[PDB]
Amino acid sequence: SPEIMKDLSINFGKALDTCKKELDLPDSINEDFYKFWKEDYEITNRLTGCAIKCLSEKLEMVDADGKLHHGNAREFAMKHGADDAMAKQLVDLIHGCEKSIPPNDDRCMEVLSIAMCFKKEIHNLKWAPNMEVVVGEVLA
């Protein structure tokens, strides 16, 4: 549902300022986060990809081979309201995106591609929250 996806979004973005400081990222990535869930908005900046990668790593969502860690993704989803079914459905969407995306040597671009594919799948399910919820109050 959009309500669960809002909560997952807020919690995924809570480390954004921490990741920006660790990576010395520029403020020109901020608008991409404010617009993350805006339908048809494409993020193209690889630096925003690096940030998304870091946010995933903060939640232990990347396994030792650079692919989704299903168990930790499931645990994250379920803490914030997903039942086992929704958790599985979310993980399957991300896995499906990993397998469909044009492959990329650059992890920041790979992550970006997976995020954009995932976003489109969530819109297709009518589960997208408001556009700006990943940021929450983290940049205020």
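Numbering starts at 1 and follows the sequence shown.
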Comparing 36 to 44 with 101 to 109, the one whose average Cα B-factor in the PDB entry is higher
101 to 109
Should the higher mean CA B-factor in the entry be assigned to 64 to 72 or to 84 to 92?
64 to 72
Where does the C-alpha B-factor of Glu31 rank in its chain, lowest, middle or highest third?
lowest
C-alpha B factor of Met116, ranked within the chain: lowest, middle or highest third?
middle
Sorting the chain's modelled residues by C-alpha B-factor, tell me whether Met131 ends up in the lowest, middle or highest third.
lowest
